[PDB]
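No hydrogens, no waters, no symmetry mates; every other heavy atom, side chains included, goes into these values. The residues of the chain are indexed from 1 along the displayed sequence.
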Amino acid sequence: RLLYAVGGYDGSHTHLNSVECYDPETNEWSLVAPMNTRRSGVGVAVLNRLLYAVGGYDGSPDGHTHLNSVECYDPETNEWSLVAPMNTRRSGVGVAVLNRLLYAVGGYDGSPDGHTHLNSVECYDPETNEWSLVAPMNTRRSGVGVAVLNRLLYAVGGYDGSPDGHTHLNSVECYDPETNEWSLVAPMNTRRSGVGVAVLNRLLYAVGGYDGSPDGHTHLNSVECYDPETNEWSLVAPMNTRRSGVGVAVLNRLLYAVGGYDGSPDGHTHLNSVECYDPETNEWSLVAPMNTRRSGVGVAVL
């Protein structure tokens with residue numbers, strides 16, 4: 001019942017290992033223990049009441065680039081511990097939990113001799129501490145939003161940055177673990193990479209992102225929601241701020257949009273602001289800002 005913001009990038013030019021958590025009862029953000037590794041474009045999810053940070057990028061001057069390492073945070077010890085690394089280095093990776101496994105979906109391996117956007121997918125079993133590749137998606141996607149609903153895993157939008165492809169996606173695909181198959185479903189209204197996705201009231205919400213198509217919308221404040229029962233996407237109220245590379249999660253039946261980046265006359269502004277959406281009112285309200293500006297930030301509730 002706390003909202004955690006993990007890692008990200010502060011381009012006001014820092015890759016972050018710090019972590020902070022938000023208490024809706026106090027409307028305050030507090031720093032907790034930092035990760036072992038700086039991680040921009042990091043995926044995060046909760047499994048067995050532990051917070052996992054998956055992949056990312058460390059663009060600071062050192063021997064790291066795009067990361068296959070994974071670490072685990074225990075709130076009782078306030079410690080991050082390395083666990084099994086992934087099969088693949090992935091930044092801009094979507095992470096979600098399905099059937100007691102943690103899935104890492106897509107992403108980008110920009111390391112030397114990697115240089116690729118990924119359609120591969122792998123899953124982590126905490127009982128064995130191992131990652132296994134599963135069926136790949138139909139489309140390579142980095143900056144992909146992922147979420148689970150009705151025992152199906154959705155990959156929403158993203159970017160295929162293959163030089164001959166270079167497409168910001170409105171398509172959406174659905175993985176059934178029973179068949180190990182990915183199927184395309186209804187596409188969004190808007191192409192979105194760096195999109196935040198979360199589930200609220202049995203609807204998938206796609207929040208913000210970036211439309212990098214030619215003469216497209218660029219940074220997005222728009223929000224759309226998907227009902228698996230109808231297999232259709234509908235626009236709902238837009239955010240106060242345009243947010244690309246935004247992190248989202250649901251807490252006390254409210255949808256939180258955390259951080260991100262927006263355009264500015266000098267390039268990009270990286271955001272420490274936070275807002276929350278009430279489906280009952282269809283309105284977005286700003287709440288307390290984070291201690292640190294963070295885009296490419298992992299957000300989850302524990």
Side-chain angles (χ1 to χ4, degrees), residues 2-11 16 19-24 27-29 40-46 92 94-96 143-147 154 156-158 188-201 203-211 217-226 233-252 254-263 268-279 281-302:
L2 294 174
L3 179 70
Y4 285 81
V6 173
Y9 176 70
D10 183 2
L16 302 168
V19 180
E20 39 191 315
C21 68
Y22 176 79
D23 189 343
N27 192 35
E28 263 203 296
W29 286 94
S40 308
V42 64
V44 303
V46 172
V95 172
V144 58
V146 305
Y154 290 85
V156 176
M188 305 178 285
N189 291 282
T190 304
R191 300 170 179 280
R192 314 175 178 268
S193 63
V195 59
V197 177
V199 180
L200 175 49
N201 294 330
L203 302 176
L204 296 187
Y205 285 80
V207 177
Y210 191 82
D211 172 14
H217 291 289
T218 73
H219 314 271
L220 303 175
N221 70 337
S222 62
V223 181
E224 43 195 307
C225 70
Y226 177 76
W233 288 91
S234 314
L235 287 155
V236 302
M239 298 182 292
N240 291 281
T241 303
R242 300 171 299 251
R243 306 178 181 274
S244 306
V246 63
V248 297
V250 172
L251 179 45
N252 305 137
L254 297 173
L255 174 64
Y256 287 80
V258 175
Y261 65 101
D262 189 15
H268 290 154
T269 298
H270 298 265
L271 304 171
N272 67 337
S273 63
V274 181
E275 45 194 306
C276 65
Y277 175 76
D278 191 341
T281 62
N282 195 28
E283 279 164 5
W284 285 93
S285 314
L286 292 157
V287 303
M290 270 189 303
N291 291 279
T292 306
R293 305 176 173 280
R294 308 177 185 271
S295 60
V297 58
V299 174
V301 170
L302 171 59

Any donor-acceptor pair under 3.5 Å from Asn221 side chain to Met239 backbone: yes

What pair of heavy atoms forms the shortest contact from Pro289 to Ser273, and how long is it? CB-CA, 4.2 Å

Here the gap from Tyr9 atom OH to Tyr261 atom OH, rounded to the nearest 0.5 Å, amounts to 11.0 Å

Would you mind listing every salt bridge (charged side-chain N to carboxylate O under 4.0 Å, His left out) that reaches into residues 234-246, with sequence neighbours excluded? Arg242-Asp262, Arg243-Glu275

For a 4.5 angstrom cut-off between non-hydrogen side-chain atoms, does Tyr154 reach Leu204? yes

Could you report the tightest heavy-atom contact between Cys276 and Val287, atom names first, then the distance? SG-CG1, 3.8 Å

Answer whether the closest heavy-atom distance between the side chains of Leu3 and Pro24 falls below 4.5 Å. no

How many angstroms lie between atom CG of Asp10 and atom CG of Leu271, to the nearest 0.5 angstrom? 10.5 Å

How close do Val199 and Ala147 get, counting heavy atoms only, and between which atoms? CG2-CB, 3.8 Å

Would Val258 and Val274 count as a side-chain contact (heavy atoms from CB on, under 4.5 Å) if you check the C-alpha gap in whole Å, the side-chain angles of each, and the deciding distance to 0.1 Å? CA-CA 5 Å; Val258 175; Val274 181; 4.0 Å; yes

Non-neighbouring partners of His217 that pass ring pair (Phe, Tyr, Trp, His ring centres under 6.0 Å), sequence neighbours left out: none

Non-hydrogen atoms of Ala206 and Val197 that approach each other most closely: CA-CG2, 4.3 Å

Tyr22 and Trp29 aromatic ring geometry - parallel, tilted or perpendicular at 30°/60° bounds: tilted

Would you say the side chain of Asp278 lies within less than 4.5 Å of the side chain of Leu254, judging by non-hydrogen atoms? yes

